[PDB]
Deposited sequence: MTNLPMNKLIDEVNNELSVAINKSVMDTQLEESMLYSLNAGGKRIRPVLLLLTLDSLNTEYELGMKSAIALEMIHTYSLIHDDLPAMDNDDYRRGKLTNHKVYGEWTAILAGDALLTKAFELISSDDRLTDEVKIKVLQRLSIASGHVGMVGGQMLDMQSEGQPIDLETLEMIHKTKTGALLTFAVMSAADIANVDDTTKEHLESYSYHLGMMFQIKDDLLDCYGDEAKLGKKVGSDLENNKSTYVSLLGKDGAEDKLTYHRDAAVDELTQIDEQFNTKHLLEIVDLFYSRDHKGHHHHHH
């Protein structure tokens, strides 16, 4: 199907603006939740999940709640990441961070609530059977937990200001960043009920796509410095570009192995967006 990226982003944004109902207890909790939820980003995680379903010949709206959940999980990690005991960021995308507007305690709890809400949302989605709902929930909890997204944050924070090797660096990005990405495509594969071998290719695809993400960003930070512990600091500039290209190629490779009844133009298009620059 023809789905312009900006038209999906728009739909996601409309759903996210109205995804939490106003306070019954008269606190700022839900305006804090909504504040970060509406911060406005690129929304690649939800969009990835949506586009993956479309490539798999499945009604993309089946995955809207899962996509919303996914963005809630990403939002919550940011609110916690930004806190003074952690990254300590006062600004993100030109706006004040949650804790700068609401205090540390509101932000902690706004994070906790969003984590919780993500699970409520999937478990309540009537477009999916209970069997598929369990699969998505199981996958989200593993992707987000101690051996996924939060485990990577632990590893990242432990590594702060240390010269770690490349297996460590990759371990951090694979769990901290890649597990949500892999959730996006595999939750879709699960809603679509595609066959084991298509699942395998979508898996590798998602892994390589995920590794592209942070490499590109390290390169852009370096390209930026050229004009008037990371991938380029370990590998140098050309090593990083080589790494990027290798993941690009393995991603693109993996798509060409998906059986021909599925049209991957969308997935392939996301690879190129991650690759560009």
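Taking the first deposited residue as 1, the stretches without any C-alpha atom are 1, 230-242, 292-301.
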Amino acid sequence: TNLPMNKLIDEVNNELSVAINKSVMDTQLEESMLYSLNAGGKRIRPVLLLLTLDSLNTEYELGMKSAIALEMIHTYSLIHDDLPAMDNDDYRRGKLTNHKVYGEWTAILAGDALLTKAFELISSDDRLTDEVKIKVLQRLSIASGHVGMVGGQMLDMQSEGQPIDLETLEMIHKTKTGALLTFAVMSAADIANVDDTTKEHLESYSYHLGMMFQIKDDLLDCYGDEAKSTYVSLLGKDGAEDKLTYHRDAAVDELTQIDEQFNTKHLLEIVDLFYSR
From here on, numbers count along this sequence of modelled residues.
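Just going by the entry, 44-52 versus 215-223 on mean CA temperature factor gives the higher value to 215-223. Remark: stretch with higher mean C-alpha B factor among 86-94 and 198-206 is 86-94. For the set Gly151, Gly178, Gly161, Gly111, the PDB entry puts the maximum C-alpha B factor at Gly161.
In the PDB entry, a CA B factor belonging to the highest third of its chain's modelled residues is recorded for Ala39.
Ranked by Cα temperature factor within the chain, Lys228 sits in the highest third according to the deposited record. Looking at the C-alpha B-factors along this chain, the one for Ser32 belongs to the middle third.
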